[PDB]
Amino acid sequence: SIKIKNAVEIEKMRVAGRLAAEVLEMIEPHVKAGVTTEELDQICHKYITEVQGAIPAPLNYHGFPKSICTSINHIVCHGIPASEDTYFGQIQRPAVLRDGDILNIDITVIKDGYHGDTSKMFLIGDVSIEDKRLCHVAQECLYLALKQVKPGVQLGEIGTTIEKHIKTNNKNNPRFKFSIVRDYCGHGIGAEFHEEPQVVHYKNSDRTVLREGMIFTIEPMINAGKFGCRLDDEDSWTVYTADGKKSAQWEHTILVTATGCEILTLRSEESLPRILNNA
């Protein structure tokens, strides 16, 4: 049940991936201290629907109350845009950006029935060395995983490569040790948001062989403390680190090519090739 996309579906996925990247490029000048995540949601929703002629997937199909996910600091994923800071018991549920914050914006767009999914970290004003390291190492995990993708590679090499990087980081940088979130994984993506296979980001022995024409996400979540997470049972969605330390994530949607992969959600800012030859 893993789908191999045909040429027409690959072109529809290329368009949807570029649109998802373009939302992130568009929103960047609006991301700064004193801005609400609700404001960012309004700007993205209007851009996606009126300029791109596309659909925000979370709002329309997944039961999410907003168009984008905005995850600040100790929020791991699925942060909900809002206008006011609130609390889940003793845990902060932030909505307004401050100097020193880190923010993940997660974009999922549909254009002519095909999905593009991507996310990136934004550094708000003067961020600490520990928080910059977290963001940077999380991106390195994604980039090193991409360098492993080509036909014939077993899926477990992705999480094994990510975990190798984090173990090396931890050995070499005892001041800045990280853990890998286990509860959330990457996934096949195409005409449906959730397709096979499941792509875990820690060390594993999944024997599923990558094939040209497969499209899936890689989206490692790295914690500054321990790996565990807590789900917000009041809003149903927000995921927090269980220990309250920060968490960072980057995501791309990628196509397996004959010799490597194509990064459908590549941004103009990234020094990563759109097409990797990993052969």
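A residue's number is simply how far along the shown sequence it sits, counting from 1.
Query raised in the report: Got a sec? Mean C-alpha B-factor, which is higher, 103-111 or 79-87?
Result: Stretch with the higher mean C-alpha B-factor: 79-87.
Query - Comparing 94-102 with 189-197, the one whose average Cα B-factor in the PDB entry is higher - result: According to the PDB entry, the answer is 189-197.
Query raised in the report: Taking the Cα B-factors listed in the entry, which of 171, 150, 74, 136 comes out highest?
Result: Spelled out: the listed residue with the top C-alpha B-factor is 171.
Requested in this report: Please place residue 32 in the lowest, middle or highest third of its chain by C-alpha B factor as given in the entry.
Outcome: Answer is middle: the recorded C-alpha B-factor places it there.
Query raised in the report: Lowest, middle or highest third: where is residue 15 by C-alpha B factor in its chain?
Result: Middle third of the chain for residue 15's C-alpha B-factor.
Requested in this report: Pull the Cα B-factor of residue 165 out of the PDB entry and bin it into the chain's lowest, middle or highest third.
Outcome: Middle third - that is where residue 165 ends up once the chain's C-alpha B-factors are sorted.
Query raised in the report: If you rank the chain by CA B-factor, which third does residue 47 end up in: lowest, middle or highest?
Result: For residue 47, whose C-alpha B-factor we compare with every modelled residue in the chain, the answer is the middle third.
Query raised in the report: By the record's CA B-factor, is residue 120 among the lowest, middle or highest third of residues in the chain?
Result: For residue 120, whose C-alpha B-factor we compare with every modelled residue in the chain, the answer is the lowest third.
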